[PDB]
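Worksheet: one structure, shown below.
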Amino acid sequence: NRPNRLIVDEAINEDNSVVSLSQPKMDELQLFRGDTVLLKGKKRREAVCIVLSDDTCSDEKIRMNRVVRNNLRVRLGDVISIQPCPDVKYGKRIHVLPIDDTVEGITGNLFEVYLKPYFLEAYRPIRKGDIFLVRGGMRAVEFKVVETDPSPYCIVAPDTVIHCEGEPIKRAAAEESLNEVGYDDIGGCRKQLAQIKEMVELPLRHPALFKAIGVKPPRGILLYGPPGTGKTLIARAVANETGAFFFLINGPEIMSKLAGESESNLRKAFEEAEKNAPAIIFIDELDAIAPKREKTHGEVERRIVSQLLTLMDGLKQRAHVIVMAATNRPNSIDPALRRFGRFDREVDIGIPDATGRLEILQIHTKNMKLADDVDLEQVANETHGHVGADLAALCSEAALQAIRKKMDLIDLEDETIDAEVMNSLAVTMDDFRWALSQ
Amino acid sequence: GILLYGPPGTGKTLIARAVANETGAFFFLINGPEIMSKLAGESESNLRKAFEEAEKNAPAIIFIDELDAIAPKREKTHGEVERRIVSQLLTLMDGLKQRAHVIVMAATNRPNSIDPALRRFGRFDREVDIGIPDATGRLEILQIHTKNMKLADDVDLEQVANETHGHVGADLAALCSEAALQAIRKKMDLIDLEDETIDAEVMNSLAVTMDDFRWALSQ
Amino acid sequence: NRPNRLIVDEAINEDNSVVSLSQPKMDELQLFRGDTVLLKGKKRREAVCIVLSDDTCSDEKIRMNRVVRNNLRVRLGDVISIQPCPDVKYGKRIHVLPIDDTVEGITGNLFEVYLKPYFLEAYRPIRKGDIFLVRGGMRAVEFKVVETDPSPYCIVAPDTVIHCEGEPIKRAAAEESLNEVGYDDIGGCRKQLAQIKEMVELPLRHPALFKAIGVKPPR
Amino acid sequence: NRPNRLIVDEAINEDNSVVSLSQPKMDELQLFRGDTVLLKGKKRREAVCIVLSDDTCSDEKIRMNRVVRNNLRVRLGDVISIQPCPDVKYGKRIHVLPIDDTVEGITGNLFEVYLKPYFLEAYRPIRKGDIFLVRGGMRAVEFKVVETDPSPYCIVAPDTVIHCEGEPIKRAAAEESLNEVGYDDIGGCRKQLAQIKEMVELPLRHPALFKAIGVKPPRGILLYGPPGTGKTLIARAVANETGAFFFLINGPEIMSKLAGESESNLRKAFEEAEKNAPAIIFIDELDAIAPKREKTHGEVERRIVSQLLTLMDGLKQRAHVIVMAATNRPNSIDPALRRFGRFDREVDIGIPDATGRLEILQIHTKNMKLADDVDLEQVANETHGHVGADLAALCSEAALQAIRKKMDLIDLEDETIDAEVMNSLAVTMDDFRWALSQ
Amino acid sequence: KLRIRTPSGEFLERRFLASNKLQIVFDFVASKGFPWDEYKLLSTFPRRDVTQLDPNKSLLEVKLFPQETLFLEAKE
Amino acid sequence: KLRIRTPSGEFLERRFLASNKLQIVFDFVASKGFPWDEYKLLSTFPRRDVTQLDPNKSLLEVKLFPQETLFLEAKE
Ligand SMILES: Nc1ncnc2c1ncn2[C@@H]1O[C@H](COP(=O)(O)OP(=O)(O)O)[C@@H](O)[C@H]1O
Ligand SMILES: Nc1ncnc2c1ncn2[C@@H]1O[C@H](COP(=O)(O)OP(=O)(O)O)[C@@H](O)[C@H]1O
Ligand SMILES: Nc1ncnc2c1ncn2[C@@H]1O[C@H](COP(=O)(O)OP(=O)(O)O)[C@@H](O)[C@H]1O
Ligand SMILES: Nc1ncnc2c1ncn2[C@@H]1O[C@H](COP(=O)(O)OP(=O)(O)O)[C@@H](O)[C@H]1O
């Protein structure tokens, strides 16, 4: 409508305090790099951020991280309003408190470990009632801004007093965990993720439309790839990002149950999804439930496959349920699953390139202090033929080595490390080397 | 008994339902998977029930979808409960009196899929091959599936028909859907103003363009 | 902290009365080959041993057999304190009794079979409340030192009277069987054992850490 | 020391008159965008060009197209000298003549078709004795600058008289065809091409080194990929770009010969290569000569495999011969070929991504007039699973359709088209569509 | 910083802030005997005619690179 | 065009050509009560301290964007 309205898009820069616009749009709106902007979203929520320019950003779109989106209570594809906020005063006193779930087990001075370096010389704009995320000591903590010096907005500047009262707040019902999986946790499947996004856009984000139109939305999406490529991740992310109910069916779980309990659980899954729609069902290890008729020895197994087919077929268009399933290759599974109504769409999540590996490594080192000696590009380059799971494990193994080495040196009075010492602990390239060498 | 043999998506279920509607006959659908999902006798009961119901509301067409699920060849039929079901079907078919005014239509991929007993004199004694369509047929199918759609002048359904080599009806139908949804998706971005999730009117104002088809064909 | 603190490591020499240090560390602590040392561990438990030098021993580590570890109530990877104990007096009378489980079926004079050759010209340092292990006659017997001449420590020297009262003692809850399997019972898998050790170190020996961190340990 | 010396690198911009430097280097040398520069190379050859700035260009390197390299008689990795040339005067009269090979069959006014739009408002610096390349009418013509107004250099400016006398010049021995295959003709195998480049650098470009050192250079490189991925291209390009003798062995050809004639031809190939070293031998369809011992029915076939092994083994390090061979998969060929001395290195040339497809399409439309309606990106996107050969053929088919359509309209007095009308003919998107639809 | 060449090939140098409208550049060329009517301002690599670009747009918006060589030709 | 913020958070605006040495910017901040010794000039997104960058380098070379917000903090 008005040019101040833009469409929420994914973020190139992962800094909580940054939003991105096309230079055209910035010019049009007379915005200068670094200008504090005020963003308005749903539930009359508001947020203040720093604007920068992204070449890739479409003129009608804004790029914001998931922190901002949550604060504005918007999802990807929603519309927001942007206005300048030049009245930003270096506020004197801010009061921030952590959310309980995020700080369980953490036993540090949250200020020194999290808050201090977050805000330090950042000149970060903050608003009351904002929840922000600080990563470190192999964790990520969510803090809510309980009070700010100027009541609406403030810039946390060097002399800004940051106060933590030290009583962890509860999580309100509308507040979503930033520890939930999102697209930002998935690296390397850009194009595939994009396809799936498009597929689920209308059915999940705009269900009503299907009452008005006779066009049939895609019902089943089959994610084929080797193990550890992030198929489960993708499904969960899509659910979270579209705000859809997620029901997990795990092949082994189903097959562990006796006789009808299998099929009951299957039906129940479908029914539950139908009820909490819009919904995504994810079938992990579909090959376990529904192999080819050749490999299907025994009648109980055939019954289960049959049930699944019927269940899929029984999904009405108005049910607003998408079923996503993961398997190794299409040749793994009974071809009936690929019929018109059933898994009619396939996406291939494959082994990533070095570029993708780098993104994956980045994702899995985000809560880690990495020494300057760490060359994730090197790691990316040498880790030929590795899938996400491999890389993730490599990062773990490196961390644990680091910890192991330090635990030996904590033979003095020092406790089992600590949140602080964990935050002081840097994973070094040698740690990665140990892992790669193992 | 009429046996409709063809690859998936050729419109076997369509044909049966159409014939029923056009002749004004009761239509009972038996779906292989559904039957086989049931436990033990519940399978065979449901089979009997289908036949009985049809007999009652005759003239009637029974359609067996995915007949290969109910009645594979004796080789592929591992286990006795499965053999019982095939047997039941044979008996049920045989038990159909001429006076019953019931035709049974069944769909499968190839005659070699199914137990040859089904092709005996009384049983599925007639076969029709519904095959992959020619370009001419593809065009008709595209036309059918764009009938409720506003198509821009740029749309060349003949082009689409020509380039969609080896596509069956289901493929074409899906292509049309995908094109529509793309169109909607594009417009939903522009409805960022004040308008709700489209509308009957805006849906009617929305034209699917050749680019929309192109996106679909390219996907 | 203080250099007297070291990390418990596996033992190259399986003699109950021997602990091993790097020569550097021995020099640093001014320790002479054969010097009796006093080791302090958890539950305020204590033990006295003979120190020797191992080339392979890392400077920050001590090598002790499983006997010692149990007496110090420490496990591999724990920290202990080492101080010299030059006040070791050839004690006159020690009283040792076997643990019941270890002597079931054994029908000898424990002295002649086990105790005598264990201590004989060994000049072994002993402390009260120590459990030691003597191997022979296709068995291994655990004896507890119930009383020593000088109350804390003693060196069992030739003229030392060794007395067994002949009532087998019960096993207290904190006391672990030396007939349990340990790394000392595994030969040939050095490198593989090392890998597994590392794998289980943090999850088994330091579980708490996993509350504070989001890294996933090997399952 | 001296900073005017730079290392010849591949070219991002394919304009004949452009060379690229890092801005740092341009600043260091006080160069302004568009400044005419004089480049000095081997055989005391010289060239004048326009300088621009490439981000990717390493400070110590210069990017120049193959036209320039040839004019400077340098190869990739050579060193050149750059000096400013501000004394360049808009020259009055230049005289250019085409090389015979390039113009065979061309029957146009070379001026209007090639020369005019090349120079038009380009303000191109030219030097006497330069050979430049103009692409059009599904051909590329090489012209030599025979005379220029100011004797050394000139800028061809609007009023510059361009004269073509119309006697095609012969090709001198040092002058290389720009119709020869080079890296610029290979799209999509960036990383693989880079590896091969490194492999052959020292043995082909610096053979002498192997007299001084005892390190063994790679002898055999095995290029594995599906058909049409450009394995033959790669080999020929590498040969051309390194200036090495290229001997082609084609499996079928060898196997067509009777008995010893096979093995003789094999030996001869090796001997010939040895003689004209540094050399690359390329074995096309190696699977024909050397299948696995299982599939090798008959003794004459086994003899040939054996011969090849011995021939490979018999290559002394000082021979300065690299053997490159192409096959579908390593499982195709006798495993003995992968021993230490033999094909000890494998590179996988795979199916290209859309990005690579676009490059390939660009390569194959370079001599073609494409209407504005042509969207090569579209073509690239929709041509999933296509290899280079597929794309190349698509471009041909589109061209020929275009020609076919026009040939109908040339039903008037006009002859079978012409160089001119061919140059006037544009391939349209519909032409591509026809091809894609076929 | 723009280096403009006369049709005789004489270099003319001037610096303008990117915020300056293209008209500022036009006036600069209009200072010498180069009217917008009688003369065109051409760009090479890329090839464009700045003359016909909107004068009100910023030098940044007319996509003129921090350094650009420009040429003058009579609109004849 | 650089917008520099005082430690009190007051915007100071000035335009310099990219060719201008960073020293020109230093002198501008040195105009107000902000000596190089007593005050630092910080950049955010990216995070850097321009104060310590070479004054002789061009504003383009010091990688200052055509628009950049900068901040002043006492070197304490
Ligand atoms: N593309 C990816 N980007 C980031 N992490 C990934 C990716 N693929 C896998 N992982 C990591 O591997 C873990 C296991 O992968 P998972 O989602 O189970 O995939 P799959 O379903 O193929 O086994 C994920 O939680 C994540 O840590
Ligand atoms: N010939 C056709 N004409 C129109 N639509 C068709 C045709 N063939 C297939 N379809 C479409 O594909 C869908 C799936 O085919 P269906 O009728 O179930 O037959 P089959 O049993 O061969 O899959 C049809 O409902 C219709 O949407
Ligand atoms: N590496 C070893 N060191 C010591 N004893 C061993 C070793 N390997 C096997 N043994 C002996 O062999 C017996 C069988 O060992 P066990 O753990 O059952 O092996 P596995 O699980 O491989 O069958 C054990 O009683 C043990 O005495
Ligand atoms: N990567 C590529 N870049 C450019 N052209 C290619 C590429 N791959 C294939 N081609 C085209 O296809 C033709 C056949 O390639 P060729 O070298 O014979 O491949 P292969 O050796 O795998 O059969 C080449 O002449 C070229 O035009």
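Sequence positions for chain A are given in Swiss-Prot numbering; the residues included correspond to 21-458, in order.
Heads up, header says this was done by X-ray crystallography, 3.1 Å.
Even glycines carry a Cβ here, placed using N, Cα and C.
According to Swiss-Prot, the residue from A:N285, A:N296, A:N348, A:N351 that belongs to the ATP 1 site alongside A:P247, A:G248, A:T249, A:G250, A:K251, A:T252, A:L253, A:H384 is A:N348. A:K315 is the residue among A:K81, A:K315 that Swiss-Prot describes as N6,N6,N6-trimethyllysine. Scan Swiss-Prot for phosphothreonine across A:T56, A:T168, A:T375, A:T436 and the hit is A:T436. Checking A:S37, A:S42, A:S276 against Swiss-Prot for the annotation phosphoserine singles out A:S37. When the Cα atoms are compared, A:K315 (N6,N6,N6-trimethyllysine) and A:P247 (ATP 1 binding site) turn out to be 20 Å apart. Taking the Cβ of A:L253 (ATP 1 binding site) as reference, residues of its chain lying under 8 Å away and at least six apart in sequence are, in sequence order, A:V201, A:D205, A:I206, A:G408. Our reading of the ATP 1 binding annotation (A:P247, A:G248, A:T249, A:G250, A:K251, A:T252, A:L253, A:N348, A:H384) yields a largest Cα to Cα distance of 24 angstrom. Among the recorded positions A:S37, A:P247, A:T249, A:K251, A:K315, A:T436, the residues whose Cβ sits under 6 Å from any atom of ligand 1 are A:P247, A:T249, A:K251. For the recorded positions shown (A:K251, A:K315, A:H384), fewest C-beta neighbours within 10 angstroms: A:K315. The two recorded residues A:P247 (ATP 1 binding site) and A:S37 (phosphoserine) have their Cα atoms spaced 36 Å from each other. Across the structure, A:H384 (ATP 1 binding site) and A:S37 (phosphoserine) place their CA atoms 21 angstrom apart.
Packing around A:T436 (phosphothreonine) is summarised by its Cβ count: 17 other Cβ atoms lie within 10 angstroms of its Cβ, all protein chains included. Across the fold, the C-alpha of A:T436 (phosphothreonine) and the C-alpha of A:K251 (ATP 1 binding site) stand 36 Å from each other.
Counting other Cβ atoms within 10 Å of each Cβ, the recorded positions A:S37, A:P247, A:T249 show the lowest value at A:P247. Classification of A:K251 (ATP 1 binding site) by DSSP places it within a helix. Look at A:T436 (phosphothreonine): DSSP puts it in coil. Among the recorded positions A:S37, A:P247, A:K251, A:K315, A:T436, the ones with a Cβ under 8 Å from a Cβ of chain C are A:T436.
Straight-line distance linking the Cα atoms of A:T249 (ATP 1 binding site) and A:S37 (phosphoserine), rounded to a whole number, equals 31 Å.
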